[PDB]
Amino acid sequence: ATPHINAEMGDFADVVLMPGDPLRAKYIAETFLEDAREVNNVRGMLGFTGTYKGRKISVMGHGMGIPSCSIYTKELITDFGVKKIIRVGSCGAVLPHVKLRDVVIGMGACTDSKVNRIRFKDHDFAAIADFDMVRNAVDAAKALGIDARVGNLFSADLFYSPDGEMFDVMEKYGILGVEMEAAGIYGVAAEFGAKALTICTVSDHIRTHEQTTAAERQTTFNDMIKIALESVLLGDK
């Protein structure tokens, strides 16, 4: 057991899907995993382990923000033998060509957090995904008929930013999605020697846009999770 995960070595798979919302983790275990077992309830951060087409997989919430996901991803890697982390989340879009419900794969993650500067003697650490995990996700997406965009995320510390003009800078430099975690997760992965990917679904456009139905949101969420789960299987080959 670790201070935030009441479990023991072997309760988690070597791959963990992590949505921000622990209620989404439960949904994932019910909908996609066979023979599922609850492995964590500390602080209501529900975590599960089961199988997907024979492959042992875990899914657990990480909570909002770099500091929250940095705790869980760290403890998973150092105490539970976890090798790959796939964040499966939502993000806001700044580019007009990026649409609601697009699947974005974060090969890199910009951030306004200081955590990687603390790690890296105040220089620029390029917070990146594991490349094979990126390609696995792109290929899984293509096999399912979904055309994912690959590029930079921006991991924001402040959801309610006082710096509105920063969204124009994000747009200018090609940022595909704004979320709150990737750069933190990629930093932990590099610190402790494991591998990470963040896949996000565009749930907001910080420009116009219109909005979507609950049936549409569920479909793309399911698509994202299919992409994550199938990407793991490609990775094992």
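All residue numbers are counted from 1 along the displayed sequence.
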{"query": "Residue range whose averaged C-alpha B-factor is higher in the record, 125-133 or 161-169", "finding": "161-169"}
{"query": "Mean Cα B-factor comparison, 61-69 or 201-209, giving the higher one as deposited", "finding": "201-209"}
{"query": "Of the residues 149, 84, 114, 87, the one carrying the largest Cα B-factor as recorded", "finding": "149"}
{"query": "Candidate set 91, 110, 76, 95 [ranked by C-alpha B-factor, highest]", "finding": "95"}
{"query": "Within-chain third of residue 105 by Cα B-factor, per the entry", "finding": "middle"}
{"query": "Where the record places residue 22 (Cα B-factor, split into thirds across the chain)", "finding": "middle"}
{"query": "Assigned third (lowest, middle, highest) for the C-alpha B factor of residue 30", "finding": "highest"}
{"query": "Where the record places residue 46 (Cα B-factor, split into thirds across the chain)", "finding": "middle"}
{"query": "CA B-factor ranking of residue 36, expressed as a third of its chain", "finding": "highest"}
